[PDB]
Amino acid sequence: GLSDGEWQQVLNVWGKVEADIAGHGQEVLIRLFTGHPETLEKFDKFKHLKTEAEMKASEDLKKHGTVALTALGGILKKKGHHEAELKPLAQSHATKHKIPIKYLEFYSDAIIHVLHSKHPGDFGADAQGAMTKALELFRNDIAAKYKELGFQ
Ligand code: HEM
Ligand SMILES: O=N[O-]
Ligand SMILES: [S]
């Protein structure tokens, strides 16, 4: 788990996302898709996009970015007591969307990158530590459900 101090830092950083959830959610998926084009292939409805500019221009991409980061935000605000929130995501991502856990690692990395890129000099070493631990906690708990489902 995380200490109370660490959860405080996590949710303080999340304040930055909450002020522009769609812009942050869009940049996260653009960073995913451009750094790891295999990820793009899991979305039939984005799979049409060839270029980053079409990605930037895509209002449905922004919308999905909003859906995804809102769901992460809700999970983070449970400070690890997130069993009921994780279950359906584990199930849909492992069994319907067929998303290898490695791609959730790429996604977590993309969140860190995007925070530094939008807030350079304002995402301090303590905050990156705490945010990385929360994301790892999420991945570990999801990984347990994937194992249960035989996906990984
Ligand atoms: C923190 C990580 C993530 C969160 C919180 C998240 C959340 C969500 C949510 C709330 C939905 C809609 C509800 C559902 O289908 O369960 C969704 C749909 C989906 N997610 Fe994720 N997701 C995450 C990571 C990923 C990653 C890494 C990928 C692929 C590389 C992915 C692929 C998808 C796909 C394909 C859909 C279906 C999209 C559609 O409507 O056509 N997700 N995600
Ligand atoms: O909760 N103090 O690390
Ligand atoms: S997603």
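Residue numbering: from 1, along the chain as shown.
We read in the header that X-ray crystallography, 1.9 Å was used to get this structure.
Positions of Cβ are set from backbone N, Cα and C atoms, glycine also.
Here Swiss-Prot flags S3 as phosphoserine, drawing on similarity to another entry. According to Swiss-Prot, the feature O2 binding site maps to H64. Annotated nitrite binding site per Swiss-Prot: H64, in sequence order, evidence recorded as experimental evidence. Annotation source Swiss-Prot lists heme b binding site at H93.
This view paints the features noted in Swiss-Prot onto the structure.
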residue: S3; record: phosphoserine; Cβ neighbours (10 Å): 10
residue: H64; record: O2 binding site; Cβ neighbours (10 Å): 17
residue: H93; record: heme b binding site; Cβ neighbours (10 Å): 21
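Taking a Cβ distance under 6 Å to any atom of ligand 2 as the criterion, the recorded positions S3, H64, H93 reduce to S3. Here the Cα atom of the residue listed as 'heme b binding site' is found 15 Å from that of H64 (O2 binding site).
You'll find the Cα of the residue listed as 'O2 binding site' roughly 31 Å from the Cα of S3 (phosphoserine). Secondary structure at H64 (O2 binding site), as computed by DSSP, is helix. The secondary structure of the residue listed as 'heme b binding site', as reduced to three states from DSSP, is helical.
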